Amino acid sequence: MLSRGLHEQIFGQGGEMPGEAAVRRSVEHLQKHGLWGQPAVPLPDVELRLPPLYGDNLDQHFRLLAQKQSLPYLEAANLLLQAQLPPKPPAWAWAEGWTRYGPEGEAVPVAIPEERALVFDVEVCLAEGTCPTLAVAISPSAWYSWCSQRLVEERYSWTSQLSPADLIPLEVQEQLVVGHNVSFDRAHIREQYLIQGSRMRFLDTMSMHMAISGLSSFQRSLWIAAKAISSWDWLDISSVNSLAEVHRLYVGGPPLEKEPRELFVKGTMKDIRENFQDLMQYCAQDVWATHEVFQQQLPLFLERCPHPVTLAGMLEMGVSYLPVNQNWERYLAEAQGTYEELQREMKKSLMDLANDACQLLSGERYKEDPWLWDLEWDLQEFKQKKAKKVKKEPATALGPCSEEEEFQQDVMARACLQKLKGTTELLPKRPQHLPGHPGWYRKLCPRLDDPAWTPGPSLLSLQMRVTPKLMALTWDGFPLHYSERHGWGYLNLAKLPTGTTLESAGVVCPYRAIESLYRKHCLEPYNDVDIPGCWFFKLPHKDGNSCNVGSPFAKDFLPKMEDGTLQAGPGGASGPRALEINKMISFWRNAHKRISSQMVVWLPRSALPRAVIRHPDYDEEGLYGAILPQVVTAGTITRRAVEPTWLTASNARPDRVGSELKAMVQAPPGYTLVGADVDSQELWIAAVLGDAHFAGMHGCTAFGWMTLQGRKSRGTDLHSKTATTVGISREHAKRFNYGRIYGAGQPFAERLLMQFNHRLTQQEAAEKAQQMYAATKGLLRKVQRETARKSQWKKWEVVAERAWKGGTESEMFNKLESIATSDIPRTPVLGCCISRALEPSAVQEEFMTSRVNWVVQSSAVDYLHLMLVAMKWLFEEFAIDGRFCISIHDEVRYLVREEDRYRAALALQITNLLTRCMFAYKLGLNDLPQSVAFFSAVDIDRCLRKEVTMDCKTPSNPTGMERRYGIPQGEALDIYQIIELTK
Amino acid sequence: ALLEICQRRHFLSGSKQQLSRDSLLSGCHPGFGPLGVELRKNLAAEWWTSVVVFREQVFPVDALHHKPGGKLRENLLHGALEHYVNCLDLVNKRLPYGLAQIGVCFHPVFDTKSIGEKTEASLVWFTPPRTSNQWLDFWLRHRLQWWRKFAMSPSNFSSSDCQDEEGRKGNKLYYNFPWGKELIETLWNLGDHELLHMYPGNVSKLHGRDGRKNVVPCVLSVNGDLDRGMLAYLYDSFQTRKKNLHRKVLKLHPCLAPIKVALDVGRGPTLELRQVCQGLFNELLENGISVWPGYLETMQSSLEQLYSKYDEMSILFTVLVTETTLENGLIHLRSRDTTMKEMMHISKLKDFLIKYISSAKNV
Amino acid sequence: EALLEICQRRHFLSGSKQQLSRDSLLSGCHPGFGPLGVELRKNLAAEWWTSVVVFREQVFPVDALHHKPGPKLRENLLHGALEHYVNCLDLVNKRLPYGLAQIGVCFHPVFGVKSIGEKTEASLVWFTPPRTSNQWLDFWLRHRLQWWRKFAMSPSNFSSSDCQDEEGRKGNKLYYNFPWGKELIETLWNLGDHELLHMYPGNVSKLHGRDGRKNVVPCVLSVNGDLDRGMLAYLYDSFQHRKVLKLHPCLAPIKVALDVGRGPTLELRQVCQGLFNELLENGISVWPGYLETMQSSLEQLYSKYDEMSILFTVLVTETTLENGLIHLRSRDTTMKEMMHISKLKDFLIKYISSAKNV
DNA sequence: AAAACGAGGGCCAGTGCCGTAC
DNA sequence: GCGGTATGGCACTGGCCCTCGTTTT
Ligand SMILES: Nc1nc(=O)n([C@@H]2CS[C@H](COP(=O)(O)OP(=O)(O)OP(=O)(O)O)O2)cc1F
Ligand SMILES: [Mg+2]
């Protein structure tokens, strides 16, 4: 009820738009495909009083909202554009706080620069950060220069107080701050760390550059190489995200000079004050260039992104906020401790293996070792020079008692010792590494004059290339090797000859111990090259490999390590345990820097909501603070979020060490976070882009029908339906489908599905061939399928027909290519064009996949923006405290309070509904399906995570530590209306 | 189960043949050798360092071996509990706080009538009831961590979570001997019962300031058998397939190793500026590093003999002084972990040893 | 006197009200020791083991059983060292005369009903040929007297007496003046082979060790010092309106203490924690009076730190958070000084190392 | 006595595989 | 015919530049 899925809506009375011929073609298509076994399972319809619409459509609703949400900031930006620049001061003031430079650049002592808008770029001495030290900000009126308290030489104690730069004005409109990578400057604002607020928003010129004339990473790689027939025409219309480069692009003026010494990151605080004036000047050049770039970008961005939704969406997306406490420091300490312990164990075992293998140097018995014969095995003893003379050999030149009368013979032996000592020091010079030990052992040791010297052989690895060969047996064989790739593994007769000859002089290669080792292995070039494992003699070549890259070293083959082949020796279960140790610290190895250096400002009990103090938690001399995620507002593609740490933050796994990083953002007492994850966005997006192109309804496609048919709650989604084939649940099937949509390569899908299912290649290939039906079909000498009924002809002139291309049957890739063929903006819907470097005008463009992905992912990002502005619209209109946002592409979490959590979740549901209806309206019709209108999962609890129930590794017991629990949602939240008076 | 000959030949234990696993686990052994009691010395010192010194609110306690009112003490917990009030006075009633002591205890054993003594290092941790289990988990992890280092195979040491007959939580520590696991340290959370029984009159002298309020202290306790631990490291140090060539050597951690370096005389014979060996000797012992003197000798044998003799004693480095060193000043050196000849300078050798131990203590 | 009371309030001894007399302290009866006394005894035993490890050629440490091997507690610390004689003959390769040192808790009966007392003593059993036994006995006499003389504030307080009998040919006893009564501190005897020949008959062909191509059963030297009596000795030796215990730097339990001066601020605690870690990193016992919680007066604070025999007291005021300067204050001179916080470690270490002399 | 050339180690950026998220 | 979009890390490597000893006025 009705039309195979619709809800009671007041978003337009009409409407059909029947398309009888179109729906006849769709029904006929879905019959021969063919799906006509409807389950007939109507979802429970919801009847609630919707919030006031402003008319006429929801398009103008979101438009007016986005406009009124970004009007003051647009006014401020316009104040920046028509700003007449006063010249730079002749000298910078060396005083704490802000200094106003107005007429003739005089020094006016100021606490807070009161301006509607300004540019900004903060400086910070990395030698003892992360505390700000310098700052410069220009305004439409005059200039400003801020200095930190680091003007007096003291022995400071940095616990990250409220020392960052003050910028916000007090009440007892309003602010806008622009700058290159503005989030980093935001993280150094005194009033941005408060739980409440804020009126001030930020505008990033880097993100703006990315939106206007951005480029992919692959494009960056060959852009900087400038130092595929028509792939070099976009080289001068775009640039990398560097400030000097983006200035040379949008302003095209003289190349700005960068600090040659990099004093803010290479030097200390000492050499900064010596060059204070200069550094200030550099900062001024930076904020000036940033100002120019902004001035040139604002109208361009406004042109390419006409819809205000993207603007306001970009405004709220930059003011993220992560509340934390002492549990953060505890997490750092415990995780680092665990990491150091596991690393201690691993390196101990490896260096133990490396020590006992060093004994077979004497005498020349290493040549027999099938693993140890490639490396050095050197023996050095250098050096000395002659100074003593002459002509005499220096190489050869039981009585019981009780004497003690020679009391001072001890100091005689001592004097002899010291006199002997200080006469040999001038014989050598620079203390080299230990020559007695072999070269492979020298390389595996820290230098003697190194400040961080550890005893014995250190620097063991995992993932090196010496130690894996040092011990491990090799796939039902003995030797492993490396040249262009390591041991071949994972990611009609054929013959190959053999040969063995000597000529001198090369390194001796044994091959008998190999055969004997194979004999010992089976005690429990051809043949045995297909499925079994064996190594030849020399050659060296492939002779039976599947991977076209190699894998140094095998670090994700646990199921191929705990099944026999392959194993290690010596010996036992040391192999799989070593792999376990590697897997555990895999995340913390490549993130510990970003996590530990992740700063956080603690706010005192004077500058926090007293309503939290009233709440029965202090807690026991506990410190509460927060950190701004520091996120680039828009990065390719398409204008997604870009953040070094929190976007690549590991989830909750009982294996990884720092896996709790996500669940450490603990909401302050009295407050709780309420978030949601779109299920699903890009799949349903592609579906809609198919059905809206085919006809008017949403279920008029073979692919677009299965998407909006399954429910994750006690049911089976499309991803879950493909995961139960079988099939592997569930993320793997997601990465199979989403990989299929953007280019289902036969060998890629092959090795992928075979990697995830773990079986044999034939049946797998059969499954793939069965699943490749979706993309089939497609289009002098050519593919045997054209616009004509048959390909065979004689001298038939038809070069005017070879311009059409598109797949058939199931999928809808034809539309994704239709948006990828337009030489004009290509903006659906909304509705913002990107990059003068990917636009097929004056570009080959040969970047098809990146553009399809651009289409769908842009739909996802516009979805994000819509969600943001929608959530913001009914958070200020109604009494919902806590508007701070924390979004990750698909998911989005708001920092609310414990008494307004259900109404906030309700706001989330409303938001999702309105956004879905927007995507439906932008293509027609306004009507939308049932099992896609509302969120299925809404997380409401103290710390943010994936599922409502959370376990961990490092703290072992989650609720054991001061935590709570989560609550699934749901259908019970649909009883609390948006009105304040509920329950 | 054949390294015993190495323990007898080089006295880390008694030379008596009657040293069964029972006789060693019960504490009825005739006694440890010099290298053995030195190993236990350094182990106990390493306990004292990573338990008492670094962590504040922890003070040494001297409990007696008997009672004023024949059988002796079975545990050195009670004697530490007796010193609660005074140690509360020196800490100004600021709990959590602990009392540690390394003393020998006497266990009655019915051999299937005798009594076996064994050295134990115990720490009684007086902690508020609000944070008892947290300190229990803390000390579990830190004790287990302390025992998992110094090991060539930390996978042997394990922990077990167990409850009392009443319900009190506790944790045991095991080491995987070749014949199975064995208890080496025990951790328990006593619910302030014994302290209440000891002071029935005024319970006011037991109240400890948790912070904003005074509370009755919950009594945590961790007792670690250092004899079984010494034997555990002694077994762990000793080596196991297709190695193609084997050598007898026990790899003890350079921190708890009985004898650090070994000084000898090579080439041989050389008279009589060999008094420099005495110089290096006193210089070495002055810095507190153990040095074995290879002066008066009957061998006069293959270098492999005394090399294996030093590897059976887990001696880290073997410094050799010959006449060429008397000429220039570059003595020889042979590491135990990796048998390899290496030339070095004298004071450079001293500082190399000091830095070796100091850095070995670290990561 | 007024010394036994400042060892109760400063936790050198255990809490007692009746068994706090000198006679009960001289007895093994206890009320054992407080943390300060334990640390003092540990440093004392450490210096004891150090003063015999520098001794050429080699002396092996051993540990004896406490109870009777055949079913009872030990009185002397000689038997257990005699049991490991034949064994330790192998390690010395039967080459030269040699000794065995050990520190242990021996017992002795104390006299209603009678009880049992404990004493921690350090013994050395020096096996040496009969012809060179007396000379080596005099040697050990001198070295032990000098050993007690080094850490002493007055060498005249320690005395050495000679004696002899029918069982022991020549013996020497080390006394200590209190001066409420000179007391026994250490015994040095020259027991014959009878003691050793009594527990190994026979076939006594194992006992005689090589002495320059000569087989001879070695005479036994019995060194036996008391570390408790020594502790009390140095305690009475350090007692000097002022009430300050001036124990030796190398012997003093806690050698430094640091508090704060400015009102309770977290930064002060951070700096003090830093100095705490820095000082403990180089093996320097430090008392943490910055906990604190009030920091009342400074004079009673210095009085408390002087009654605890702390070498130097450190004060971390608010100026330290600017210049790094800190308020030192000695004990032997009680001079209020000021110096940078970075050069404190080096100063303390150098001062401790300067006390190393004989 | 004095000028010159080759060997050794650190700072530098580039490259190849792997780590995670959506 | 092609999974896409981002963030990093570590090992390896080779070329730049320095230093220091050897060979040379
Ligand atoms: N490998 C992936 N490529 C993708 O393009 N996506 C895209 C990026 S954004 C969108 C959201 O990711 P999700 O993990 O939430 O996947 P989903 O929404 O489709 O499914 P669900 O809601 O999480 O159940 O899916 C995800 C992948 F895992
Ligand atoms: Mg997502």
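Residue 1 is the first one shown; counting continues down the chain.
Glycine too: its Cβ is placed from the backbone N, Cα and C atoms.
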Quiz prompt | Range annotated as region 'Trigger loop' - as stated in Swiss-Prot, picked from A:204-210, A:610-616, A:645-651, A:764-770 | solution = A:645-651
Quiz prompt | Residue among A:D890, A:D900, A:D927 sharing the Mg(2+) 2 site, where Swiss-Prot lists A:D677, A:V678 as binders | solution = A:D890
Quiz item: According to Swiss-Prot, which stretch among A:119-123, A:314-318, A:444-448 corresponds to the feature motif 'Exo I'?
Solution: A:119-123
Practice problem: Please pick, from A:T498, A:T633, A:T636, A:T808, the residue that Swiss-Prot records in the DNA site together with A:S217, A:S461, A:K593, A:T849, A:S850. | Solution: A:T636
Quiz item: Quick one: which of A:665-672, A:689-696, A:833-840, A:889-896 does Swiss-Prot have down as motif 'Pol C'?
Solution: A:889-896
Exercise. Consider only the binding-site residues A:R447, A:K555, A:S650, A:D890: which of them have a Cβ under 6 Å from an atom of ligand 2? Write none if no residue does.
Key: A:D890
Quiz item: Are there residues at least 6 beyond the ends of the motif 'Pol A' (A:674-683) whose Cβ is under 8 Å from a Cβ of it, and what are they?
Solution: 707, 712, 717-719, 737-738, 856-857, 859-860, 863, 886, 890-894, 896, 901, 904-905, 908, 912, 935-940, 944
Quiz item: If you check the binding-site residues A:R447, A:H541, A:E682, A:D890 one by one, which have a CB less than 6 Å away from any atom of ligand 1?
Solution: A:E682, A:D890
Quiz item: Looking at the binding-site residues A:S650, A:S680, which sits with the largest number of other Cβ atoms within 10 Å of its Cβ?
Solution: A:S680
Quiz prompt | Helix-strand-coil residue split for the motif 'Pol C' (A:889-896), DSSP-based | solution = 0 helix, 6 strand, 2 coil
Quiz item: What span in Å does the 2'-deoxyribonucleoside 5'-triphosphate site cover, taken as the longest CA to CA distance among A:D677, A:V678, A:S680, A:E682, A:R730, A:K734, A:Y738, A:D890?
Solution: 17
Quiz item: So what's near the motif 'Exo II' (A:178-186) in sequence-distant terms, Cβ-Cβ under 8 Å and 6+ beyond its ends?
Solution: 77, 80, 117-122, 192, 202-206, 243, 246, 286-287, 290-291, 293-294, 318-319, 628-633
Self-check item: Most Cβ neighbours inside 10 Å, all chains, among the binding-site residues A:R447, A:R656
Solution: A:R656
Practice problem: Let me know the most crowded of the binding-site residues, choosing from A:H541, A:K555, A:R730, A:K734 and counting other Cβ atoms within 10 Å. | Solution: A:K734
Quiz item: What is the interatomic distance between the Cα atoms of A:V678 (2'-deoxyribonucleoside 5'-triphosphate binding site) and A:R656 (RNA binding site), given in whole Å?
Solution: 26
Quiz prompt | Cα-nearest neighbour of A:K734 (2'-deoxyribonucleoside 5'-triphosphate binding site) within the listed binding-site residues, A:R447, A:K555, A:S650 | solution = A:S650
Exercise. Work through the binding-site residues one by one (A:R447, A:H541, A:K555, A:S650, A:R656) and name whichever has its CA nearest to the CA of A:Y738 (2'-deoxyribonucleoside 5'-triphosphate binding site).
Key: A:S650
Exercise. Within the same chain, and leaving aside A:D677, A:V678, A:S680, A:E682, A:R730, A:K734, A:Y738, A:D890, name every residue whose CB is within 8 angstroms of the centroid of the CB atoms belonging to the recorded 2'-deoxyribonucleoside 5'-triphosphate site, in sequence order.
Key: A:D679, A:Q681, A:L683, A:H719
Quiz item: Across all chains shown, how many C-beta atoms besides its own are within 10 angstroms of the C-beta of A:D890 (2'-deoxyribonucleoside 5'-triphosphate binding site)?
Solution: 16
Quiz item: In sequence order, what residues of the same chain, 6+ apart, have a Cβ less than 8 Å from the Cβ of A:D677 (2'-deoxyribonucleoside 5'-triphosphate binding site)?
Solution: A:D890, A:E891, A:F935, A:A937, A:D939
